[PDB]
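Here the structure comes first, spelled out in structure tokens, and everything after it is commentary.
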Number of protein chains: 2
Amino acid sequence: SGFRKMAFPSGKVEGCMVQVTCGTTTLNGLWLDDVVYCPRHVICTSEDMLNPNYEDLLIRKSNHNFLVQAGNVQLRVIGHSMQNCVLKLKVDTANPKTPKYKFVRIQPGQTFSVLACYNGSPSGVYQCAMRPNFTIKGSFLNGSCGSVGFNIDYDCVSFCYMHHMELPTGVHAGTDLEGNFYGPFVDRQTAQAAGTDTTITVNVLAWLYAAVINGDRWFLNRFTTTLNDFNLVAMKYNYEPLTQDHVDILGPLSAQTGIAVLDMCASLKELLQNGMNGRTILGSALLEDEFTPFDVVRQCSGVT
Amino acid sequence: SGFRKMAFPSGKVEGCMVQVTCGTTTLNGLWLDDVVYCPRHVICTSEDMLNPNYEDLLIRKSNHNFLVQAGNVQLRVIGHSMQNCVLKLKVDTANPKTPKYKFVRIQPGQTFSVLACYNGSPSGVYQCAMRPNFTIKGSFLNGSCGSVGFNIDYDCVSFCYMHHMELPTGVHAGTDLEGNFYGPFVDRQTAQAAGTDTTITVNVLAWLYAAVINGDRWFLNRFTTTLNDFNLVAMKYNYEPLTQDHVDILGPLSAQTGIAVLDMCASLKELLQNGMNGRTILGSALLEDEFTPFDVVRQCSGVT
Ligand SMILES: *CC(=O)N1CCN(C(=O)c2cccs2)CC1
Ligand SMILES: *CC(=O)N1CCN(C(=O)c2cccs2)CC1
């Protein structure tokens with residue numbers, strides 16, 4: 001019993017982290033097979049970052065300008081190319097620790113683990129979600145760029161995020177491993193405001209199921225609702241609209257607890273309208289939305 | 001910027017996790033050098049757990065009764081002994097992945113990372129604290145026993161916890177790696193109630209400093225207080241008494257922010273007396289107490 005914000009074990013990703021230096025800019029890269037992936041802004045001076053022309057900046061860079069260090073051992077760069085907002089540095093050595101891996105582009109509301117790194121060295125691991133506004137709420141200092149987000153399915157690491165940007169509001173923006181930003185963000189030091197950070201309704205419901213499974217039941221009520229009625233309330237509280245697809249995804253947690261999804265929706269509706277009244281659910285005073293239904297099932301079943 | 005509940009990178013500990021089976025009981029063990037550490041209740045039948053005599057139960061066990069599997073490879077057990085509530089299984093092979101390590105017994109209020117494992121296989125990593133009542137609030141299903149808690153100082157893993165017990169209230173009890181329980185708990189299926197789960201005041205103050213550093217400042221007020229005045233309020237709210245040692249430990253965060261510790265105490269006093277009024281601090285609606293001053297400095301400075 002007990003329910004924690006849990007990250008994937010980071011070892012498979014720790015084995016992939018390197019340092020990339022271009023001129024005086026040092027950040028992290030991801031070494032898979034004989035390719036090192038890193039943010040293209042590694043080539044920028046702070047001057048450059050105001051209005052960078054990456055294709056023009058890259059013309060001044062050669063293979064020998066990209067210094068790639070794995071632990072205290074230098075890697076030989078034999079090629080480089082820009083794909084969207086990432087550089088791919090071809091090296092002469094396959095990473096001997098390359099795990100089975102995929103590159104996936106996640107949807108808003110999907111969760112992933114971040115291995116925060118500085119100078120190619122892991123500092124910590126934590127759980128994030130792709131927010132509905134395509135930001136993430138991370139912990140990233142200068143030098144953390146090139147840190148990656150991932151999911152693990154048994155032995156296969158699915159890389160979904162690479163860190164690039166902090167907005168002036170202290171939230172984070174990045175790319176998939178093909179170098180495409182999540183949302184409308186650009187790797188330029190310009191006016192970029194995030195949209196509404198809506199609550200991921202299906203995740204909250206998943207976490208309310210987690211709470212019931214773990215003995216926290218005070219918020220269960222005598223009510224039900226409909227998707228349309230619930231959605232009127234979601235709208236008012238800046239919750240994502242709940243779809244039948246979300247109901248279907250919650251089916252297994254419905255089955256295990258015997259609480260109909262729409263009954264749990266009616267519990268969530270009363271919590272929105274009435275607040276917590278100074279009570280907690282799984283040690284939280286607010287409604288947690290960075291556990292997916294898949295996360296709740298995984299953690300409640302002990303998947304490895 | 002941003003502040004997250006962050007675990008140590010787990011790779012060094014992943015490399016130490018094995019499966020231990022005795023009869024039909026399977027749990028986890030920690031393989032360091034040529035010793036595998038595991039909870040002594042691996043020798044119990046569910047029957048045994050009501051009033052186990054471990055010395056008597058152990059007489060019926062031989063080296064060949066302890067099945068130790070590292071991945072899909074069996075380890076040869078050449079010796080076994082009981083130290084307090086752990087078994088030490090001597091194996092014929094040193095763990096080639098043994099990190100630099102220490103065994104430390106932590107104090108209440110100290111935080112650590114847990115690598116939750118099932119059948120010697122890592123499922124997830126999360127951050128815990130030794131509670132003032134010597135419980136931890138973990139996420140542990142059947143088969144998770146022998147999972148360990150740790151801190152890392154650069155390249156040295158300090159193991160501080162091994163999971164043994166869930167209390168009927170859904171909180172967790174375990175040992176250091178010498179097999180001594182934290183608090184008054186015993187490895188027996190008996191009436192064991194936890195004491196008051198008091199809030200770790202020095203951790204809350206650390207986390208309020210983290211909040212200021214990360215732009216969350218609405219709770220800063222025009223007041224100060226004294227340790228004695230603050231402690232009257234701590235007592236009333238089941239907070240740990242604040243000592244001059246706690247003030248000294250918060251000195252570096254005081255210095256960096258320019259907020260005197262006793263001024264931050266007066267902010268914490270108003271938050272206790274007035275509540276949050278539906279506001280949040282670093283995405284939390286309650287006062288977070290599982291970051292140590294050392295954790296806040298580490299995460300705010302980017303230590304690897
Ligand atoms: C996330 C991270 O490490 N960084 C550092 C790089 N950065 C910059 O502002 C600059 C890029 C090149 C020169 S200065 C973005 C954030
Ligand atoms: C934490 C954990 O994995 N366990 C499983 C073992 N256990 C028992 O109740 C039994 C011990 C031996 C037979 S049954 C404690 C919790």
Side-chain angles (χ1 to χ4, degrees), chain A residues 1-2 19-29 38-50 52 54 57 85 114 116-120 123 136 138-148 161-168 170 172-175 185-190 192 302, chain B residues 1-2 19-29 38-50 52 54 57 85 114 116-120 123 136 138-148 161-168 170 172-175 185-190 192 302:
Chain A
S1 203
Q19 185 186 77
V20 185
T21 303
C22 193
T24 66
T25 304
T26 295
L27 42 59
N28 309 280
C38 76
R40 65 172 176 174
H41 75 230
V42 72
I43 71 172
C44 295
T45 73
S46 79
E47 315 73 284
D48 292 331
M49 278 305 283
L50 301 176
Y54 283 101
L57 291 176
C85 298
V114 173
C117 298
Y118 300 91
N119 301 125
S123 48
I136 75 172
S139 174
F140 292 117
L141 304 169
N142 270 346
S144 66
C145 278
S147 296
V148 300
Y161 182 83
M162 178 172 270
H163 187 48
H164 289 242
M165 280 206 76
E166 188 164 64
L167 304 186
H172 300 117
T175 67
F185 304 113
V186 292
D187 47 0
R188 183 183 172 212
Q189 185 182 329
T190 189
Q192 304 190 70
Chain B
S1 203
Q19 185 186 77
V20 185
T21 303
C22 193
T24 66
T25 304
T26 295
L27 42 59
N28 309 280
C38 76
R40 65 172 176 174
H41 75 230
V42 72
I43 71 172
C44 295
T45 73
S46 79
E47 315 73 284
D48 292 331
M49 278 305 283
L50 301 176
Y54 283 101
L57 291 176
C85 298
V114 173
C117 298
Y118 300 91
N119 301 125
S123 48
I136 75 172
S139 174
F140 292 117
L141 304 169
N142 270 346
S144 66
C145 278
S147 296
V148 300
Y161 182 83
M162 178 172 270
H163 187 48
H164 289 242
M165 280 206 76
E166 188 164 64
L167 304 186
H172 300 117
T175 67
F185 304 113
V186 292
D187 47 0
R188 183 183 172 212
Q189 185 182 329
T190 189
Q192 304 190 70

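Side chains included, hydrogens not; waters and symmetry mates left out as well; all remaining heavy atoms used. In what follows, chains carry the letters A, B, and so on, assigned in the order in which the sequence lines appear, proteins first and then strands, with residues in each chain numbered from 1. Both ligands and their constituent atoms are indexed starting at 1 by order of listing.
- Ligand-side atoms of ligand 2 in range of B/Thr25: 12 (C), 13 (C), range being under 4.0 angstrom from any heavy atom.
- By the criterion of a heavy-atom distance under 4.0 Å, both the backbone and the side chain of B/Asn142 are placed next to ligand 2.
- Closest non-hydrogen pair, B/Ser147 versus B/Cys117, comes out as OG-N, 2.9 Å.
- Residue-to-ligand polar distances place B/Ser144 within reach of ligand 2: an N/O pair is separated by less than 3.5 Å.
- Given atom 11 (C) of ligand 2, the protein heavy atom at minimum distance is B/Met49 CG, 3.6 Å.
- Closest to atom 15 (C) of ligand 2, if we only count protein heavy atoms, is B/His41 NE2, 3.9 Å.
- Between the B/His172 side chain and the B/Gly138 main chain, a donor and an acceptor come within less than 3.5 Å of each other.
- The nearest heavy-atom contact from the protein to atom 16 (C) of ligand 2 is B/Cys145 SG, 3.7 Å.
- Of the candidates A/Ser46, A/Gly143, A/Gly146, the one placing a heavy atom closest to atom 3 (O) of ligand 1 is A/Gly143.
- The backbone of B/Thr45, and not its side chain, has at least one atom closer than 4.0 Å to an atom of ligand 2 (non-hydrogen atoms only; backbone = N, CA, C, O).
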Stepwise side-chain contact (heavy atoms from CB on, under 4.5 Å) test for B/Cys145 and B/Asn28: CA-CA 6 Å; B/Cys145 278; B/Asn28 309 280; 5.9 Å; no
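- Listed for the A/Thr26 side chain is no donor-acceptor partner under 3.5 Å among the backbone atoms of A/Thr21.
- The protein non-hydrogen atom at the shortest distance from atom 13 (C) of ligand 2 is B/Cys44 O, 3.1 Å.
- Minimum heavy-atom separation, A/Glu166 to A/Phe140: OE2-O, 3.7 Å.
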Kindly determine whether B/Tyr161 and B/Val148 satisfy side-chain contact (heavy atoms from CB on, under 4.5 Å), including the steps that lead there. CA-CA 5 Å; B/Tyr161 182 83; B/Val148 300; over 6 Å; no
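- Looking only at distances, no side-chain donor or acceptor of A/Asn119 sits under 3.5 Å from a matching main-chain atom of A/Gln19.
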